[PDB]
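This document starts with one chain, in the form deposited in one PDB entry, laid out as structure tokens.
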């Protein structure tokens, strides 16, 4: 009875008994047909929430899939040594600028 999140080449889908609802999260590209809703790109990080009711075989049931996707195309991998070097040399350069301004004044 759990909602079968189905993965295409670049799309996600949601299936349940009643019309695929929307309570919170991303809306996506709505399709008028029941049990078939695509959010579009997986890169947009789908994070929608789709409550639902029970089916005929499973009456008075509830399948709340809080579908969460984190495939970040904008992530970075910080390098601590590089960050420390950049910070230290920026501090040194700012100190030297202050030295020059003081020497002038």
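Numbering follows the first chain given and starts at 1. We call the rigid core whatever largest set of C-alpha positions still superposes within 1.5 Å between the two forms.
What follows is about the form deposited in another entry, which we do not show.
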Determine, after fitting the two forms on their core, whether residue 47 shows a C-alpha shift of 2 Å or more between this form and the one not shown. no
Is the C-alpha displacement of residue 31 equal to or greater than 2 Å between this form and the one not shown once the rigid core has been superposed? yes
So with the core overlaid, does the Cα of residue 69 end up 2 Å or more away between this form and the one not shown? no
